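Protein chains in written order, with this note's numbering: chain B, -15 to 576; chain C, -15 to 576; chain V, -15 to 576.
Note that CB positions come from ideal geometry on N, CA and C, so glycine has one too.
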Amino acid sequence: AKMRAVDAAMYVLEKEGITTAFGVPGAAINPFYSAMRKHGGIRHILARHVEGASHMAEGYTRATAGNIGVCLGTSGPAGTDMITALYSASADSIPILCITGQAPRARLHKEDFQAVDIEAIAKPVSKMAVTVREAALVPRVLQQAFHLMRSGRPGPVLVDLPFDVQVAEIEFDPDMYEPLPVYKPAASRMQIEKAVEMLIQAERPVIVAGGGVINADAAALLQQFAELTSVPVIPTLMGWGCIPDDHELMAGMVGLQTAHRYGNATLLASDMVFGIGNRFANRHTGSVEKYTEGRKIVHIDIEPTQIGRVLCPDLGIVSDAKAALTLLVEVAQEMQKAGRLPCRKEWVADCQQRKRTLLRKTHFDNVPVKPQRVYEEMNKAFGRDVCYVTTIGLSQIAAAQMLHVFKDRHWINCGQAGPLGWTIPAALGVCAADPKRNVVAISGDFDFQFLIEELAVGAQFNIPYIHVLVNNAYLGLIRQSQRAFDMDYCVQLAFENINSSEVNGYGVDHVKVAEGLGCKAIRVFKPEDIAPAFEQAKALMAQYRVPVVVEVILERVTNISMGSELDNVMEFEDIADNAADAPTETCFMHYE
Amino acid sequence: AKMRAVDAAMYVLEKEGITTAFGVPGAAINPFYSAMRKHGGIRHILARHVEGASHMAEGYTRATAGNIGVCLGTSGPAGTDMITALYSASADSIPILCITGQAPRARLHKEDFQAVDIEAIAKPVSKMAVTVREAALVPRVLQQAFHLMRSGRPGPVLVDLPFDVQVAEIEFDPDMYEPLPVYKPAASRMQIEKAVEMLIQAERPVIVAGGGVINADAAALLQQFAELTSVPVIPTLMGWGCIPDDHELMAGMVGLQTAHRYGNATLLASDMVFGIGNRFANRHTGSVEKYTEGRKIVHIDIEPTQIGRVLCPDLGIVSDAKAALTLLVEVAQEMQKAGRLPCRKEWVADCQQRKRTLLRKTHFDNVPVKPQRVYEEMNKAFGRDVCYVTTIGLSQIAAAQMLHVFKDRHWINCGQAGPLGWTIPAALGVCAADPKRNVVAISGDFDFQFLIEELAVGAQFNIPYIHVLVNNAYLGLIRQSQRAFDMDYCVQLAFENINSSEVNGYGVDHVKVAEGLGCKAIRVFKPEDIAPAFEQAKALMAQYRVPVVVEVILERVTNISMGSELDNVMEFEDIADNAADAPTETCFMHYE
Amino acid sequence: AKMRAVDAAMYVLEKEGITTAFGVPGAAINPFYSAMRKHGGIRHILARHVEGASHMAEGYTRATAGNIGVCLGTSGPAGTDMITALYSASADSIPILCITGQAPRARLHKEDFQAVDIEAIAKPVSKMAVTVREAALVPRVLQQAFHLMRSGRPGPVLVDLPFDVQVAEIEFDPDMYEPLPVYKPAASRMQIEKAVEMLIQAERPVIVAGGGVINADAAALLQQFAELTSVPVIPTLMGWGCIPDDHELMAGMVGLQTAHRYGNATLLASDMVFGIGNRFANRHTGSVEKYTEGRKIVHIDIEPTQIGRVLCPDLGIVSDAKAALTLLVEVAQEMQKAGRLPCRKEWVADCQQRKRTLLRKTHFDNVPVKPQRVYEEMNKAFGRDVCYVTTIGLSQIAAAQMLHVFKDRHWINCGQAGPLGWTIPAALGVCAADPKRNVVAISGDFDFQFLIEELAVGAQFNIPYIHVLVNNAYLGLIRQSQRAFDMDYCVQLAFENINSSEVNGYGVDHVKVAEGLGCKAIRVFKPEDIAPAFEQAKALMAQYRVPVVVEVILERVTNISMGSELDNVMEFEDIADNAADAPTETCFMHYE
Ligand SMILES: Cc1cc2nc3c(=O)[nH]c(=O)nc-3n(C[C@H](O)[C@H](O)[C@H](O)COP(=O)(O)OP(=O)(O)OC[C@H]3O[C@@H](n4cnc5c(N)ncnc54)[C@H](O)[C@@H]3O)c2cc1C
Ligand SMILES: Cc1cc2nc3c(=O)[nH]c(=O)nc-3n(C[C@H](O)[C@H](O)[C@H](O)COP(=O)(O)OP(=O)(O)OC[C@H]3O[C@@H](n4cnc5c(N)ncnc54)[C@H](O)[C@@H]3O)c2cc1C
Ligand SMILES: Cc1cc2nc3c(=O)[nH]c(=O)nc-3n(C[C@H](O)[C@H](O)[C@H](O)COP(=O)(O)OP(=O)(O)OC[C@H]3O[C@@H](n4cnc5c(N)ncnc54)[C@H](O)[C@@H]3O)c2cc1C
Ligand SMILES: Cc1ncc(C[n+]2csc(CCOP(=O)(O)OP(=O)(O)O)c2C)c(N)n1
Ligand SMILES: Cc1ncc(C[n+]2csc(CCOP(=O)(O)OP(=O)(O)O)c2C)c(N)n1
Ligand SMILES: Cc1ncc(C[n+]2csc(CCOP(=O)(O)OP(=O)(O)O)c2C)c(N)n1
Ligand SMILES: [Mg+2]
Ligand SMILES: [Mg+2]
Ligand SMILES: [Mg+2]
Ligand SMILES: [Mg+2]
Ligand SMILES: [Mg+2]
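This is how it looks when you write it as structure tokens:
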């Protein structure tokens, strides 16, 4: 039972579910790596940037309900390269576990090489950030970390391990180690009865299903509750997938950018928002006064201080989403056995009528290619079990408003922080979490470049997925936002590549870069070549077992639909009211 | 005089010396970019990672004495991508100015999209980190920022600008704006007299010249003081260059890794260390007890709290290095006019005797190439005005112990934090600071990959320099440190590149990657091909005006000399006692 | 259901158990006071110092198991006067709820009158410190606060309320409000079985019962477990009372100051410490190496990061003390039904032998009075249900080593922080928590003076108790500690009072001060007058219903027993081995 602190840490991590770790080793964290090798049972992926390792951990977590991605680094700048991910994870209410090396305790206040107060730096963007001050506390801090990462509003933790703390001997009985119970508040029968009593008197209600539903692993129950009450569902961007897109009750998405015309119109026509596992995000609502006008609000959240933060709800209930939905289904079934649930045939109908006339054109034959044609071809090329990974840009905004998803955790997106560079490592993290997952990523050229070297991780370790790269040689979104300032300034990436005429002054040759990094890559200039390229990509993945990049050369400037209010979203590109122009809407097409 | 806050900020920046800015735009920082374009006078370089923009700013600062590099970003994750650089700059006592966008004040505590408390996160690693709460304070916070960045111990500042603060109208008269006076403490005649009185009774004194000398722009005065007293000089890694390497009094460098055998032996033989503008860094001293044994210590620093932090000096004086050296020269000249400065012929002589027998072998004809042969060829190929840029690894340790530098700020190195990825952007920052500078960077393969995409910045904007890439398909330094743990684990980068046989399973094809990013690249397998490659590189730079990468394929495993104490440094590779094996030592060779 | 945020706060506070509040009003907190008056159901006590209000809350909490003392103040310096109490409460793992007023949100960063960042200041010494940013969050922050104050390791919370947030209208249904579930970890059968299996093979075991037992409301179960196993009990200072002092298994207290000679000897003779609800406090253990020598350690704590913080235990279990003791009793009962619990007659016997021979003399007839005679008279004068309140000094050290307590929460003492001035307000808070409690406080002259004005609270509101004041005109404890530095410097309070000869140059006339503040007071010069004085005090309380101070004039210098190690405690005053000298030891005297 006598043992190094880091050796005890391996028992804890194992009993606590960890089988994978992403990281970059260093002298200050070598004892940890030594204990991991001696113990076995954890697969280590070596990243080619610490930020990459961080975002891989995020993807690993977000892929499957019980998963906790682990990120490993040395002292000093390794810890400062993980702050963006801790922020991203905090912001979206999901956990990662960061572990950093550190100089010995005696030397923390002498300016020891690569010694920084990572504890103070990480505090504002984690549920806990702590420097472990005793060897015997190493297993206990991890014990406490897993409690915090699963309980209440989930979030990330950073553990900082001084060299001398790691290597010191402790007494530890791993047979005696017990994971702590997970804390979750639960709604009462009375509260839920009031909520359903309120729902039934609404003439035109909608359910807004947030990422909390997914966090609680409660997608089936949400769908069941909507079905029993016959109430249309609007998923948030983070709730996207918790009811399938081809379901009769899914009424679209709402907001300023990643939303549908029918979604916004249905919300503006509704007389109630039944919010479950959502907060009321800035870009979902616009001006709160407008979002709430003539409309009752119910809000169910696991976190007390998220209720009333942005708007004051008519009801507001503190509860885990699974517990609350279990009651909601039970209470709905009792209302149904009495004659107390109203028929909602008409309201459901005209929600669907909006859904098949208020569309956006995707079927463009133009050369150079219009980006909205790319998302049409993706819907056709990939099956219903597809899992999309993306970050930020005109690339992901248009993707969000034109792609379709049919299960929970088949849209992996850092919705609140959106750090460029996220997409590649996040994708790799999902693949490591589930080798059966049909992972497909979307990026613009700038996002693709930030952490482009992480493709070589996918090559070294054989982690295959498909990366769709839509290239306009622009910071697209920013160029569009600069219209209000009457300029086009510091947003172009184009230049004449002295080694590559083929790219026609678009600058970076992503095909050569991808191939040099050990991957496969295909470039597409014409819209009809997109479908064949995706089939080529699937074949290359199967034999070579590496990431395959499909680059599409876009027209330089395309303005994607968006606005500052729900009733104010601007359509720059062609709208559509029939299937010929928008053939991959779920109402017009059966998904594999 | 009525004007936007950001428009007033441009006047301040201009009057305060700024002509260059590195950044990545976004919606939250667009008003700033708008004011910059309207005003003119600042050259913007678009980076391809915010971290890249940050490290470019660091290089820009470090290149020339009055320079302040500026780093521009949006809200949220842009700010969290700059923390590593703020740390790096703080750690080495040098300033950068970071400016980030931010959500409006009314919405800072609602979870507004990409809104983070960057103020709290950046606090521990900057002299000031502040969110500007009023429009009229925008010019005043910048005014205060430049005072802090130049005064006392220099360090970096972060300014966080809420959207509504940027665009609000203020009254501002730019003709009335006055930069604040720079605060610097100065030594007294009495203190310096005591220091020189102490120096003259020392039998075997050495001067340890730190990065403070360079910070104060006092290299000429340091050399003059050493010459007048006839006292050998040991530069710290950060002081390297403040006396030329071929000077008769430069006795080498001291420490655990980036040091010379003769340097360590001279220090261990000395009876006094006269520390000017140094702190006594962990990897310079080893165990303080050993560094100080039988030896008197004088310590001159600008910062009171740096004196006595690691060891207690016999004297210790608070002063700017230029002011102190001006007195030291004056007092030395008075001692010389009397008969009071001792002759030090013998001590100087046997310092030089060590310097020409305690060497390390560089002239290896092996294939695959030994890294120490690369540094030999660099010394031959490049002129005396060469400016080296590097970060961390066996690549930079061996570079530090075998390359030679002949002027101050011709060794640009992040000595305390050493964040991987630093080298490329830092190099580009130096080039932007001085288009006449003969900039040459050294990286290992892992460092090169972290922020590899920033090469495309060098291509888009035409910023030429030479990047020497020493490739062993390894995390070299870490592999070496793992010897003590009896392992070789998670430190290899090698794989069979399915697109490139030429690289022989070394993994990433840096030539293809570099060319795809718009640059030129040459690969070298044999030692005799290195000299021609460097001449080819100089030609390519002149016509194409882009970064040129010279990749050298190294043998996989080479153990570089290092240890945990000055008397304990281990020589794994062949030592040398004559010029045939080490032909580029300054005593054996005249530098252009 | 439309209502001010402060009105909703009253519903929350009431449903959450609050019936009492201590405070000092101000303009910034007037809306709260207004809502409190309108709602009814909370008794407000006006303090005469905010610090007084804070410590009253602490006493109120500590008095009875479910109690949460509430402290109310204005903005600015009211909040900074509560930091000492937040620290004290945190330090001893007990909650108080502080509520402060604050300037409007729009003006928090303009230097608005009495506006301070209390959130930042209070963060390091509370489980939560928050400025409420929205009206609708007021009830939710309080909801979250009560969860934190009851769950895990209990601690204090500070809620900071901007004026405009208090007065704003919100929608709130109080019938729908549900207090959150309390989180507590619980031990498993397996873990407890291992602990009992370990205890059984110990030859000379001791149970150390800490303040966690009292916190968990598990005194009866602890006694029962000790009885079933026949294992002697050592309470910590904070665990004191959880087994009665006259119990046959209570073996005394251990430590450097508030300890018994028999307690220390028993512990040094033991071969195991079974720690339940204790941490291993600095002044309980001395050097950890000496405390653990030849001894096994079991440690049961509710907080993971308290286990291994000071020493590494042989077992260590994370659990609430009530849940753990329920299992321990169950498992003990099963061991007893088998023949598996050993007989411990001999070990119990010689623990009791120590307890009746290793004593300290208390029966002194000296004039001026020796302080140890005071505690003897207190034991005689007061019943078994007596409840002592004290803080720090030779006054409380000697009290702790000579008084006796017979139930849990009949020793109210701020053991980790010990802030001077605590005693008076703490006592008043206990009395407000329970008007049937026979409260008796002990102070030295300096402790008594810090917050002497709070006696007038006891007079204005009719809150009676007895305050024993032992007066030596000295900072006694500090004088004693200064012996090692060979001095007596800045520790005397004596002067010739120009209004009072009767005090003989002892300085402050506490009788005149107490009477002026509206209370009654008696002064005693001779030991035989102490008993009658206590009887007089009881009579005055009954009739006048106010605090009654009994001042005893001590000899100026008395050195109380203490040391830096358990085997190193020094006896300056006479020891004793018989009842004649120490007549109030529980084995010589029946209590009530
Ligand atoms: C360029 C860009 C444009 C965007 N445009 C839009 C847009 O138009 N419309 C839009 O909606 N979004 C958009 N987004 C995303 C948006 O910013 C938010 O990330 C998203 O709306 C928030 O989702 P949510 O409300 O479900 O909250 P989440 O971040 O998913 O979290 C909501 C709540 O879940 C709670 N919770 C956690 N666990 C549980 C549990 N187990 N049980 C119950 N509750 C739990 C948390 O307390 C939290 O308050 C955009 C993002 C970007 C990158
Ligand atoms: C892998 C690796 C190995 C290394 N090995 C070694 C090694 O073997 N030996 C070695 O020496 N270094 C080594 N270094 C670098 C080392 O860690 C430190 O960065 C370096 O020694 C510190 O330099 P310095 O003492 O001059 O202090 P600096 O960081 O340069 O600063 C010293 C002082 O200058 C003062 N100062 C600032 N401005 C002024 C002013 N105007 N006037 C006067 N004073 C001022 C500051 O207050 C500060 O205390 C290594 C680095 C790495 C990456
Ligand atoms: C002048 C002076 C001298 C002193 N001398 C001594 C001395 O001689 N000897 C001595 O022992 N003390 C002495 N004290 C007090 C001492 O400093 C500590 O306050 C005391 O030792 C702590 O007791 P404890 O171990 O029970 O810790 P506590 O402060 O009571 O807390 C212990 C543990 O309880 C846990 N806990 C909280 N709730 C629960 C729960 N529901 N279930 C399970 N665990 C829970 C916490 O996590 C914590 O780790 C002295 C104080 C002063 C003022
Ligand atoms: C670290 C960071 N810096 C800046 C931004 C602002 N960001 C938003 S989208 C965007 C442009 C991305 O362009 P690209 O990835 O090429 O996709 P496009 O919009 O052109 O489709 C930028 C710069 C960000 N989200 N993160
Ligand atoms: C962000 C970060 N992570 C990890 C480290 C530890 N780091 C020290 S040198 C090194 C290996 C670098 O190898 P390479 O750049 O290929 O050069 P080599 O040592 O092989 O010459 C590592 C991983 C660091 N300095 N910074
Ligand atoms: C705010 C504060 N300041 C200083 C101390 C140190 N304190 C320890 S006991 C003590 C002396 C108290 O003397 P008194 O209350 O007269 O009791 P005596 O020691 O004479 O019995 C002091 C000054 C403290 N606990 N708190
Ligand atoms: Mg990169
Ligand atoms: Mg683009
Ligand atoms: Mg390498
Ligand atoms: Mg007072
Ligand atoms: Mg006293």
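Exercise for the section: Answer with yes or no whether the minimum CB distance from C/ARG124 to chain V is below 9 angstroms. Expected result: no
Task: is_contact[V/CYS82, chain B] using C-beta, thresh 9 angstroms - done: no
Please report the residue range of the beta strand (DSSP E) in which B/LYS504 lies.
504 to 508
* Asked: Regarding C/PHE97 and ligand 1, is the C-beta to nearest heavy atom distance less than 8 angstroms?
  -> yes
Inset, instruction - Compare the C-beta of V/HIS33 with all C-beta atoms of chain C and state if any pair is closer than 9 angstroms. - result: no
- Item | Proximity to V/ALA(-15) [Cα-Cα], best of B/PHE479, B/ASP298 and B/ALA457 | B/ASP298
Quick one, which of V/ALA416, V/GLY442, V/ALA443 and V/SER427 has its alpha-carbon nearest V/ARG27's?
V/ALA416
With DSSP as the reference, please indicate the residues paired to C/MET234 in a beta bridge.
-> C/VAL217
For V/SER38, is the beta carbon positioned less than 8 angstroms from some heavy atom of ligand 6?
no
- prompt: Taking the Cβ atom as the reference point for each residue, do B/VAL452 and B/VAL534 lie within a distance shorter than 9 angstroms?
  reply: yes
Roughly how many angstroms separate the alpha carbons of V/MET112 and V/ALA129, rounded to a whole number? 7 angstroms
Check: Mapping DSSP to helix, strand and coil, what is V/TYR449?
Finding: coil
Point to revise | Any C-beta of chain B under 9 angstroms from that of V/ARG293 | key: yes
- Considering only the beta carbon of each residue, do C/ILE396 and C/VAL370 sit closer than 9 angstroms? no
Practice prompt. Check whether the stretch 81 to 99 of chain C touches the stretch 53 to 73 of chain C, taking contact to mean three or more Cβ pairs, one atom from each stretch, closer than 8 angstroms.
Written response: yes
**OP:** Tell me where the alpha helix (DSSP H) around V/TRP331 begins and ends.
**Re:** 329 to 339
- Query: Touch check for the stretch 120 to 128 of chain V and the stretch 174 to 181 of chain V: three-plus C-beta pairs under 8 angstroms?
  - Reply: no
Check: What is the DSSP secondary structure of C/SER72, counted as helix, strand or coil?
Finding: helix
Would you be able to state if there are at least three C-beta pairs under 8 angstroms between the stretch 143 to 158 of chain B and the stretch 24 to 40 of chain B?
no
- Message: Give me the pocket residues for ligand 8, defined as CB within less than 6 angstroms of any heavy atom, sorted by chain position.
- Response: B/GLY428, B/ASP429, B/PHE430, B/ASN456, B/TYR458 and B/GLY460
Give me the Cα-Cα distance between B/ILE514 and B/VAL536, rounded to the nearest whole angstrom. 8 angstroms
query: Relative to ligand 10, is the shortest distance from any of its heavy atoms to the C-beta of V/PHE434 smaller than 8 angstroms?
result: yes
TODO: Can you say whether V/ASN266 is buried or exposed, counting buried as having 16 or more other CB atoms within 10 angstroms of its CB?
DONE: exposed
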